[PDB]
>>> print(open('work-v4.cif').read())   # mmCIF, C-alpha atoms
data_coords
loop_
_atom_site.group_PDB
_atom_site.id
_atom_site.type_symbol
_atom_site.label_atom_id
_atom_site.label_comp_id
_atom_site.auth_asym_id
_atom_site.auth_seq_id
_atom_site.Cartn_x
_atom_site.Cartn_y
_atom_site.Cartn_z
ATOM 1 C CA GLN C 1 -117.115 95.248 75.811
ATOM 2 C CA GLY C 2 -116.944 91.484 75.226
ATOM 3 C CA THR C 3 -118.658 90.257 78.390
ATOM 4 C CA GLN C 4 -121.672 87.948 78.260
ATOM 5 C CA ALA C 5 -125.128 89.305 79.100
ATOM 6 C CA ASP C 6 -128.487 87.551 78.994
ATOM 7 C CA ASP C 7 -131.307 88.758 76.742
ATOM 8 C CA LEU C 8 -133.123 90.766 79.400
ATOM 9 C CA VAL C 9 -135.284 92.514 76.787
ATOM 10 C CA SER C 10 -136.827 89.303 75.425
ATOM 11 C CA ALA C 11 -137.332 87.994 78.966
ATOM 12 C CA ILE C 12 -139.222 91.174 79.863
ATOM 13 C CA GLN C 13 -141.271 91.048 76.646
ATOM 14 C CA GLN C 14 -142.322 87.447 77.311
ATOM 15 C CA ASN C 15 -142.907 87.489 81.095
ATOM 16 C CA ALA C 16 -143.309 91.166 82.059
ATOM 17 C CA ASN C 17 -145.489 90.512 85.116
ATOM 18 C CA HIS C 18 -142.703 88.746 87.041
ATOM 19 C CA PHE C 19 -140.170 91.359 85.958
ATOM 20 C CA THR C 20 -142.320 94.115 87.467
ATOM 21 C CA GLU C 21 -141.663 92.844 91.000
ATOM 22 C CA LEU C 22 -138.102 91.887 90.023
ATOM 23 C CA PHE C 23 -137.403 95.500 89.020
ATOM 24 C CA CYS C 24 -139.202 96.823 92.113
ATOM 25 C CA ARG C 25 -137.011 94.647 94.346
ATOM 26 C CA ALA C 26 -133.883 95.746 92.466
ATOM 27 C CA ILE C 27 -134.889 99.391 92.954
ATOM 28 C CA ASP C 28 -135.577 98.802 96.661
ATOM 29 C CA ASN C 29 -132.097 97.320 97.144
ATOM 30 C CA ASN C 30 -130.501 100.505 95.754
ATOM 31 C CA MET C 31 -132.513 103.440 97.098
ATOM 32 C CA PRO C 32 -130.827 106.812 97.743
ATOM 33 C CA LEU C 33 -131.548 108.519 101.032
ATOM 34 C CA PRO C 34 -133.960 111.495 100.897
ATOM 35 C CA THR C 35 -131.924 114.698 100.776
ATOM 36 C CA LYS C 36 -134.703 117.026 101.922
ATOM 37 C CA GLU C 37 -136.365 116.534 105.292
ATOM 38 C CA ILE C 38 -139.986 115.562 105.842
ATOM 39 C CA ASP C 39 -142.295 118.512 106.482
ATOM 40 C CA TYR C 40 -145.951 119.451 106.957
ATOM 41 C CA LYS C 41 -146.519 119.915 103.207
ATOM 42 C CA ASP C 42 -145.751 116.271 102.391
ATOM 43 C CA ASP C 43 -148.274 113.610 101.400
ATOM 44 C CA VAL C 44 -150.061 111.533 104.034
ATOM 45 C CA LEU C 45 -148.838 108.416 102.220
ATOM 46 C CA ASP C 46 -145.326 109.850 102.507
ATOM 47 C CA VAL C 47 -145.510 110.266 106.288
ATOM 48 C CA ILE C 48 -147.071 106.794 106.645
ATOM 49 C CA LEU C 49 -144.225 105.190 104.688
ATOM 50 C CA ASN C 50 -141.624 107.215 106.600
ATOM 51 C CA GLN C 51 -143.152 106.054 109.890
ATOM 52 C CA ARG C 52 -143.162 102.461 108.627
ATOM 53 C CA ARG C 53 -139.461 102.640 107.716
ATOM 54 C CA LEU C 54 -138.580 104.198 111.080
ATOM 55 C CA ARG C 55 -140.623 101.553 112.919
ATOM 56 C CA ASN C 56 -138.817 98.817 110.970
ATOM 57 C CA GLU C 57 -135.441 100.313 111.907
ATOM 58 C CA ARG C 58 -136.450 100.615 115.565
ATOM 59 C CA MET C 59 -137.730 97.020 115.686
ATOM 60 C CA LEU C 60 -134.448 95.787 114.198
ATOM 61 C CA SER C 61 -132.396 97.874 116.640
ATOM 62 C CA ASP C 62 -134.438 96.741 119.656
ATOM 63 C CA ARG C 63 -134.122 93.070 118.707
ATOM 64 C CA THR C 64 -130.382 93.534 118.126
ATOM 65 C CA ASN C 65 -130.085 95.115 121.582
ATOM 66 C CA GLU C 66 -132.052 92.305 123.254
ATOM 67 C CA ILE C 67 -130.093 89.489 121.576
ATOM 68 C CA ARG C 68 -126.796 91.212 122.394
ATOM 69 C CA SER C 69 -127.926 91.778 125.997
ATOM 70 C CA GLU C 70 -128.928 88.134 126.508
ATOM 71 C CA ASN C 71 -125.310 86.999 125.863
ATOM 72 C CA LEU C 72 -126.147 83.410 124.972
ATOM 73 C CA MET C 73 -122.574 82.174 124.535
ATOM 74 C CA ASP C 74 -120.489 85.021 126.074
ATOM 75 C CA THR C 75 -117.930 84.660 123.279
ATOM 76 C CA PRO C 76 -114.225 87.049 115.212
ATOM 77 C CA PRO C 77 -116.491 90.109 115.570
ATOM 78 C CA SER C 78 -117.917 89.968 112.034
ATOM 79 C CA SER C 79 -118.935 86.336 112.613
ATOM 80 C CA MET C 80 -121.449 86.858 115.420
ATOM 81 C CA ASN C 81 -122.326 90.245 113.927
ATOM 82 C CA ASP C 82 -123.536 88.516 110.741
ATOM 83 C CA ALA C 83 -125.115 85.674 112.731
ATOM 84 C CA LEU C 84 -126.960 88.100 115.021
ATOM 85 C CA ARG C 85 -128.129 90.090 111.994
ATOM 86 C CA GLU C 86 -129.492 86.850 110.518
ATOM 87 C CA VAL C 87 -131.277 85.814 113.718
ATOM 88 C CA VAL C 88 -132.794 89.300 114.120
ATOM 89 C CA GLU C 89 -133.891 89.435 110.476
ATOM 90 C CA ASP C 90 -135.627 86.048 110.619
ATOM 91 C CA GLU C 91 -136.991 86.619 114.141
ATOM 92 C CA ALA W 1 -132.808 76.935 120.936
ATOM 93 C CA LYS W 2 -133.581 78.486 117.543
ATOM 94 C CA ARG W 3 -131.552 81.595 118.374
ATOM 95 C CA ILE W 4 -128.827 79.498 120.014
ATOM 96 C CA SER W 5 -128.558 77.245 116.930
ATOM 97 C CA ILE W 6 -128.309 80.150 114.446
ATOM 98 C CA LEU W 7 -125.422 81.648 116.445
ATOM 99 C CA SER W 8 -123.790 78.173 116.502
ATOM 100 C CA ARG W 9 -123.187 76.832 112.983
ATOM 101 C CA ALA W 10 -122.313 80.236 111.481
ATOM 102 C CA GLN W 11 -119.517 80.890 114.008
ATOM 103 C CA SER W 12 -117.706 77.582 114.702
ATOM 104 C CA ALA W 13 -116.911 76.786 111.062
ATOM 105 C CA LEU W 14 -130.540 73.747 105.320
ATOM 106 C CA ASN W 15 -131.020 72.946 109.015
ATOM 107 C CA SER W 16 -134.407 72.183 110.579
ATOM 108 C CA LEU W 17 -134.827 72.297 114.356
ATOM 109 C CA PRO W 18 -137.705 70.153 115.678
ATOM 110 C CA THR W 19 -139.848 71.055 118.651
ATOM 111 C CA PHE W 20 -137.819 70.338 121.788
ATOM 112 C CA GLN W 21 -139.022 67.737 124.280
ATOM 113 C CA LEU W 22 -139.984 68.807 127.797
ATOM 114 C CA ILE W 23 -138.330 66.438 130.284
ATOM 115 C CA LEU W 24 -138.657 67.222 133.980
ATOM 116 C CA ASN W 25 -137.473 65.595 137.207
ATOM 117 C CA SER W 26 -138.258 66.268 140.853
ATOM 118 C CA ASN W 27 -137.369 65.148 144.370
ATOM 119 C CA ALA W 28 -140.751 65.917 145.965
ATOM 120 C CA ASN W 29 -143.106 63.484 147.690
ATOM 121 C CA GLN W 30 -143.754 60.224 145.842
ATOM 122 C CA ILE W 31 -147.390 59.272 146.383
#
>>> encode(input="work-v4.cif", output="structure tokens")
Amino acid sequence: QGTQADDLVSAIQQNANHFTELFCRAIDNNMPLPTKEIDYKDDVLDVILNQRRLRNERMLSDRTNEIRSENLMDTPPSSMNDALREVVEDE
Amino acid sequence: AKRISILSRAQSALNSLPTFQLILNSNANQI
């Protein structure tokens, strides 16, 4: 196609241990949602991880609600949306 | 102050915030 791409194959072949977590992070950024619902025939690890994801979402939503309810400045919607997302994600 | 400062520099367009000093006054009885 003519575009420039780095030699990812040689980098994996020389330093595969780092690229394991690099690929795992890249997969975790782009994860499709589960089409079928969770049921009683699923793995115990599966329900634990589902509960962990739901608890993470609920913690983020609760902290978002608390920071929005405090109304620190009482004041560009995307600006304080991104800033509040940052303060929740590092709080 | 940490959550005030994050909502400050990203809206009115690294930063390290030290531990804030407690200063207190009063008008009670002076022994």
>>> closest_atom_pairs(input="work-v4.cif", of="chain C", to="chain W", cutoff="9 Å", atoms="only C-alpha atoms", output="JSON lines")
{"residue": "C:67", "atom": "CA", "partner": "W:3", "partner_atom": "CA", "distance": 8.6}
{"residue": "C:72", "atom": "CA", "partner": "W:4", "partner_atom": "CA", "distance": 6.9}
{"residue": "C:73", "atom": "CA", "partner": "W:4", "partner_atom": "CA", "distance": 8.2}
{"residue": "C:76", "atom": "CA", "partner": "W:11", "partner_atom": "CA", "distance": 8.2}
{"residue": "C:79", "atom": "CA", "partner": "W:11", "partner_atom": "CA", "distance": 5.7}
{"residue": "C:80", "atom": "CA", "partner": "W:11", "partner_atom": "CA", "distance": 6.4}
{"residue": "C:82", "atom": "CA", "partner": "W:10", "partner_atom": "CA", "distance": 8.4}
{"residue": "C:83", "atom": "CA", "partner": "W:7", "partner_atom": "CA", "distance": 5.5}
{"residue": "C:84", "atom": "CA", "partner": "W:7", "partner_atom": "CA", "distance": 6.8}
{"residue": "C:86", "atom": "CA", "partner": "W:6", "partner_atom": "CA", "distance": 7.9}
{"residue": "C:87", "atom": "CA", "partner": "W:3", "partner_atom": "CA", "distance": 6.3}
{"residue": "C:88", "atom": "CA", "partner": "W:3", "partner_atom": "CA", "distance": 8.9}
{"residue": "C:91", "atom": "CA", "partner": "W:3", "partner_atom": "CA", "distance": 8.5}
>>> atom_distance(input="work-v4.cif", atom1="atom CA of residue 64 of chain C", atom2="atom CA of residue 85 of chain C")
7.4 Å
>>> atom_distance(input="work-v4.cif", atom1="atom CA of residue 22 of chain C", atom2="atom CA of residue 42 of chain C")
28.4 Å
>>> atom_distance(input="work-v4.cif", atom1="atom CA of residue 14 of chain C", atom2="atom CA of residue 27 of chain C")
21.0 Å
>>> closest_residue(input="work-v4.cif", among="C:90, C:45, C:24, C:10", to="residue 60 of chain C", atoms="all atoms listed in the file")
C:90
>>> closest_residue(input="work-v4.cif", among="C:3, C:57, C:8, C:41", to="residue 23 of chain C", atoms="all atoms listed in the file")
C:8
>>> decode(input="work-v4.cif", residues="segment 5-29 of chain W", atoms="N, CA, C and O atoms", output="mmCIF file, in the first residue's frame")
data_model
loop_
_atom_site.group_PDB
_atom_site.id
_atom_site.type_symbol
_atom_site.label_atom_id
_atom_site.label_comp_id
_atom_site.auth_asym_id
_atom_site.auth_seq_id
_atom_site.Cartn_x
_atom_site.Cartn_y
_atom_site.Cartn_z
ATOM 1 N N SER W 5 -8.275 21.169 41.326
ATOM 2 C CA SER W 5 -7.197 21.496 40.397
ATOM 3 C C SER W 5 -7.293 20.755 39.070
ATOM 4 O O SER W 5 -6.924 21.333 38.041
ATOM 5 N N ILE W 6 -7.758 19.508 39.059
ATOM 6 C CA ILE W 6 -7.944 18.754 37.830
ATOM 7 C C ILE W 6 -9.033 19.368 36.959
ATOM 8 O O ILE W 6 -8.865 19.496 35.744
ATOM 9 N N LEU W 7 -10.130 19.806 37.570
ATOM 10 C CA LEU W 7 -11.200 20.502 36.869
ATOM 11 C C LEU W 7 -10.857 21.957 36.549
ATOM 12 O O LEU W 7 -11.728 22.683 36.060
ATOM 13 N N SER W 8 -9.627 22.402 36.810
ATOM 14 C CA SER W 8 -9.239 23.793 36.611
ATOM 15 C C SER W 8 -8.420 23.993 35.344
ATOM 16 O O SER W 8 -8.801 24.787 34.479
ATOM 17 N N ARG W 9 -7.292 23.291 35.205
ATOM 18 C CA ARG W 9 -6.384 23.550 34.095
ATOM 19 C C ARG W 9 -6.834 22.899 32.794
ATOM 20 O O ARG W 9 -6.322 23.260 31.729
ATOM 21 N N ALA W 10 -7.771 21.957 32.850
ATOM 22 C CA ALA W 10 -8.288 21.306 31.656
ATOM 23 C C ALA W 10 -9.536 21.983 31.108
ATOM 24 O O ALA W 10 -10.094 21.509 30.113
ATOM 25 N N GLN W 11 -9.987 23.076 31.729
ATOM 26 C CA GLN W 11 -11.206 23.757 31.321
ATOM 27 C C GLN W 11 -11.013 25.223 30.969
ATOM 28 O O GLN W 11 -11.770 25.742 30.140
ATOM 29 N N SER W 12 -10.035 25.904 31.563
ATOM 30 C CA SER W 12 -9.805 27.326 31.338
ATOM 31 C C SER W 12 -8.614 27.559 30.412
ATOM 32 O O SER W 12 -7.862 28.523 30.569
ATOM 33 N N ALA W 13 -8.433 26.675 29.437
ATOM 34 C CA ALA W 13 -7.342 26.807 28.478
ATOM 35 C C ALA W 13 -7.689 27.827 27.398
ATOM 36 O O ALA W 13 -7.014 28.846 27.252
ATOM 37 N N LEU W 14 3.819 18.024 33.583
ATOM 38 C CA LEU W 14 2.889 17.545 34.600
ATOM 39 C C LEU W 14 2.791 18.531 35.758
ATOM 40 O O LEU W 14 3.676 19.362 35.957
ATOM 41 N N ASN W 15 1.706 18.434 36.523
ATOM 42 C CA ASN W 15 1.458 19.308 37.660
ATOM 43 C C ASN W 15 1.437 18.481 38.937
ATOM 44 O O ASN W 15 0.753 17.454 39.005
ATOM 45 N N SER W 16 2.185 18.929 39.941
ATOM 46 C CA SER W 16 2.241 18.275 41.240
ATOM 47 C C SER W 16 1.683 19.220 42.293
ATOM 48 O O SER W 16 2.120 20.371 42.395
ATOM 49 N N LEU W 17 0.722 18.730 43.074
ATOM 50 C CA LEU W 17 0.071 19.529 44.100
ATOM 51 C C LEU W 17 0.598 19.116 45.463
ATOM 52 O O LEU W 17 0.367 17.972 45.883
ATOM 53 N N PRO W 18 1.302 19.983 46.183
ATOM 54 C CA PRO W 18 1.837 19.602 47.491
ATOM 55 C C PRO W 18 0.737 19.554 48.541
ATOM 56 O O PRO W 18 -0.404 19.957 48.315
ATOM 57 N N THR W 19 1.106 19.042 49.708
ATOM 58 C CA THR W 19 0.148 18.904 50.793
ATOM 59 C C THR W 19 -0.155 20.276 51.384
ATOM 60 O O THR W 19 0.755 20.986 51.827
ATOM 61 N N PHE W 20 -1.432 20.649 51.379
ATOM 62 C CA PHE W 20 -1.865 21.993 51.729
ATOM 63 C C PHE W 20 -1.639 22.275 53.210
ATOM 64 O O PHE W 20 -1.741 21.392 54.058
ATOM 65 N N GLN W 21 -1.322 23.528 53.517
ATOM 66 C CA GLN W 21 -1.023 23.931 54.884
ATOM 67 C C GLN W 21 -2.311 24.290 55.610
ATOM 68 O O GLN W 21 -3.142 25.038 55.085
ATOM 69 N N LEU W 22 -2.473 23.743 56.811
ATOM 70 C CA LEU W 22 -3.557 24.116 57.710
ATOM 71 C C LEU W 22 -3.190 25.422 58.404
ATOM 72 O O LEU W 22 -2.234 25.471 59.185
ATOM 73 N N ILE W 23 -3.942 26.479 58.125
ATOM 74 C CA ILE W 23 -3.848 27.743 58.846
ATOM 75 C C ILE W 23 -5.209 27.987 59.475
ATOM 76 O O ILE W 23 -6.240 27.812 58.817
ATOM 77 N N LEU W 24 -5.229 28.343 60.754
ATOM 78 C CA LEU W 24 -6.493 28.594 61.427
ATOM 79 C C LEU W 24 -6.402 29.804 62.343
ATOM 80 O O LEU W 24 -5.399 29.991 63.038
ATOM 81 N N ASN W 25 -7.453 30.621 62.330
ATOM 82 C CA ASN W 25 -7.606 31.759 63.220
ATOM 83 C C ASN W 25 -8.804 31.555 64.136
ATOM 84 O O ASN W 25 -9.631 30.666 63.928
ATOM 85 N N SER W 26 -8.888 32.407 65.155
ATOM 86 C CA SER W 26 -9.985 32.365 66.107
ATOM 87 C C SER W 26 -10.107 33.714 66.796
ATOM 88 O O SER W 26 -9.171 34.517 66.807
ATOM 89 N N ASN W 27 -11.283 33.953 67.376
ATOM 90 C CA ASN W 27 -11.541 35.138 68.182
ATOM 91 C C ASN W 27 -11.956 34.775 69.603
ATOM 92 O O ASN W 27 -12.659 35.550 70.259
ATOM 93 N N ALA W 28 -11.535 33.610 70.087
ATOM 94 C CA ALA W 28 -11.900 33.144 71.417
ATOM 95 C C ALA W 28 -10.987 33.789 72.459
ATOM 96 O O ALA W 28 -10.235 34.724 72.171
ATOM 97 N N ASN W 29 -11.047 33.285 73.688
ATOM 98 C CA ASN W 29 -10.338 33.909 74.796
ATOM 99 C C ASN W 29 -8.834 33.702 74.674
ATOM 100 O O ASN W 29 -8.354 32.584 74.476
#
